[PDB]
Each structure stands twice: as C-alpha cells, then as structure tokens.
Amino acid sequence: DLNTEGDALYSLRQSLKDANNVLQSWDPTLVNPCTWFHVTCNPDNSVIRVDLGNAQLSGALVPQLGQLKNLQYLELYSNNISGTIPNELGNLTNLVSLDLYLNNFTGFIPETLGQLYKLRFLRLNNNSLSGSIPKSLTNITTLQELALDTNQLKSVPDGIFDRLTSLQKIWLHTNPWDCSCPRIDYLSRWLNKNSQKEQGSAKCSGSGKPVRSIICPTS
C-alpha cells in the first residue's frame, strides 16, 4: 500500500543530488516515511516536518512536494538547490516555518505563498530571486519573521506590510531596490516607521543610500 507522502517525498530525492547519500534512508516501499532520517511524523504517522539543512544537496525542487498537507516545518536551507520555488508550496496549509535560504533559487517569489495562513516564518534570503514581493503576502497575518535579504529584489507593492500585524523582524538588505519616486515611497516610509522591525540596512540601488532615508516629493 503506497504511502503518497513517501511517494511525494521520493519525487524530491529523484531530482536532487547527494553525493553525501543523505537521502539513502528514504525508502518509499516502507509503509510510512516516519522512519526516514531527516523526517519527523506526528502520532498519526503523517509528515509534519523535514530537516534537510546543510546536506550539500544540488538540483531543483519538485511540484509533488506540495502533497504533504500536514507539513509544518520545511527546512531546505544551506544547499546548492537551484531553479524556481514551486507554486505547489502554496498547498502546504499547515506550513509554519519555510526556510529556503542559502541556495541558488532564481525566478519570482510564488504568489501562491500568500495561501499559507499559518506561516509564521519565511526565510528566502541569500538567493538569486528577482525583484518584487507577491501582493498575496499581505494575506499572511501570522507572519512574524520575514527574511528576503541578499537577493535581486527591486520593488514592493504598496500597502503589503499593512495587514501583517504580527511582523517582528524583517530583512530587506542587500537588494537592488528601486529608489525612484514615487515607487519607493511606501517602502521608504514603512522602513522608517517600522525601523525597529528591520534587521540590517536596505540600501538603494547605485546611490547606496538606505531606503528609509528617501523622502519622495509630491509636486
């Protein structure tokens, strides 16, 4: 009897590279993945988390990874993983902490990420992700720590941080932010009002000025 969490998780092993044989213990033929290393299950024998951090893993993620609904913590951080973040990660409803940081990830940040309403922690940082933030992120009210730092990020949608009332720490620094007015108006004002929330200094592109220091004129 196939597990379907194990099948979903094995689809990841097929597309990744170790080379440390980290995933050697992932056997889909077992009744459940709960006995796998780097995998933890609840008393109901479903996968609530995956810690692959620092496994020296290369390759790309897979859309089948969204098949784990009870997945709470996904730690993929500190690897060589490339490609784009799958939209199917928006199908993890019970996802609390999503850590993709310190990887090669390219492309846009998925808009379906705004479908995680239990997500309290999002770290996409130290990646190649290209500039914008999904407007749907405002739908995460439980967001506390958001780290986007060290990426290709450029702009931000107006009023996106307004519905995040639980936001504590945020990392926007080391990004090619567009400080031209009146695009940078919201972010500059938000980073100044919320400056206790920001960790590090977000610098404007080519000027080197902090985003918060920018004051946009009307007319």
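From 1 onward, residues are counted along the sequence shown.
Note on 180-188 vs 23-31: mean CA B-factor is higher in 23-31. Taking the mean C-alpha B-factor of each stretch as recorded, 39-47 and 152-160 are not equal, and the higher mean is that of 39-47. When the Cα B-factors of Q67, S58, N175, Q168 are read from the PDB record, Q67 comes out highest. Looking at the C-alpha B-factors along this chain, the one for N80 belongs to the highest third. Among all modelled residues in its chain, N87 ranks in the middle third by Cα B-factor. Among the modelled residues of the chain, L12 sits in the lowest third by CA temperature factor in this PDB entry. Residue-level temperature factors show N104 in the middle third of its chain, judged at the C-alpha atom. The entry lists a Cα temperature factor for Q72 that places it in the lowest third of the chain's modelled residues.
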